[PDB]
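Enquirer: How does the following fold in three dimensions:
(chains A and B)
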Amino acid sequence: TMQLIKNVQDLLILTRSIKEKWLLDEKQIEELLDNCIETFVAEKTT
Amino acid sequence: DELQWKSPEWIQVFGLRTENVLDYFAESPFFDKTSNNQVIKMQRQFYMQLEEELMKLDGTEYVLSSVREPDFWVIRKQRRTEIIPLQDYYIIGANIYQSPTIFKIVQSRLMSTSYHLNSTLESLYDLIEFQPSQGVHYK
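Expert: Residues are numbered from 1 along each chain as shown, chains lettered A, B, ... in the order given. Provided below are the atomic coordinates:
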């Protein structure tokens, strides 16, 4: 009986092994930066 | 085979010696009244020469398979036809020793060993925790 149980655990090990095997543009940017840089320096100042 | 008969007082009314050891064999529960010795005794009422007398009679026999005085002797229960035995009793320390097998003593051994084997097996078997990825671990 004990051997049988151990065998069940072995089946569990196999299943786990299988599971683990399974588991293991440009203008838009230029315009956007143009704004960003402008607003960030606050150079306007007029 | 499991028991030990002693009539420590029986030594006191006599003293414990060879012919005495025979008679004391007769006193203990291990003795049988179905033997020839009882017949001879009863006939007498109504040690070599004894052995000489057993040669004439036909039946179960008990003879002297040792002398170590004043302690040990074997007393052999044998079935005479050529002499077949039966069992062998030892007399040591004013106590009748049961003649326990061969097979029975071995039985005792096996039994004991097996029993505690079982105990250990269960006790330890309760302990482990099993996870499929972890296998069997002891917490």
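
Enquirer: What segments of the chain are helices?
Expert: Picked chain A for this. A:2-23, A:26-41 (DSSP state H).

Enquirer: that's the wrong chain, I wanted chain B
Expert: Using DSSP H, the helices found in chain B span residues B:18-27, B:36-45, B:48-54, B:103-125.

Enquirer: As CSV, those helices with distance to residue B:85 and mean neighbour count would be great.
Expert: Quick note: C-beta positions are derived from backbone N, CA and C, even for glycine. Output for those, formatted as CSV (distance: least, CB to CB, whole Å; neighbours: other CB atoms under 10 Å in any protein chain shown):
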stretch, distance to residue B:85, mean neighbour count
helix B:18-27, 16, 17
helix B:36-45, 16, 12
helix B:48-54, 15, 11
helix B:103-125, 16, 10
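
Enquirer: quick one on the thing from earlier: which one of the helices of chain A lies nearest to chain B?
Expert: helix A:2-23 (4.2 Å; CB to the nearest CB).

Enquirer: right, is that closest one up against chain B?
Expert: Yes: for helix A:2-23, a contact with chain B is found by CB under 8 Å from any CB of the partner chain, at A:2, A:9, A:12, A:13, A:15, A:16, A:20.

Enquirer: Just the CA trace of that helix, in CSV.
Expert: The C-alpha trace of helix A:2-23 is given here as CSV (Å, rounded to 0.1, in the frame of the first residue of the first chain):
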residue,chain,number,x,y,z
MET,A,2,2.8,2.4,1.0
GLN,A,3,4.6,1.7,-2.3
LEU,A,4,1.3,2.4,-4.2
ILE,A,5,0.9,5.8,-2.4
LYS,A,6,4.5,6.6,-3.2
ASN,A,7,3.7,5.7,-6.9
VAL,A,8,0.8,8.2,-6.8
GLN,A,9,3.2,10.9,-5.5
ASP,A,10,5.5,9.8,-8.4
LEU,A,11,2.6,10.5,-10.9
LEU,A,12,2.2,13.9,-9.2
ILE,A,13,5.9,14.5,-9.8
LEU,A,14,5.6,13.6,-13.5
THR,A,15,2.6,15.9,-14.0
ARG,A,16,4.5,18.7,-12.2
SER,A,17,7.4,18.1,-14.5
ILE,A,18,5.2,18.4,-17.6
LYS,A,19,3.6,21.6,-16.3
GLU,A,20,7.1,23.1,-15.6
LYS,A,21,8.1,22.1,-19.1
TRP,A,22,5.2,24.0,-20.5
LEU,A,23,5.8,27.0,-18.3
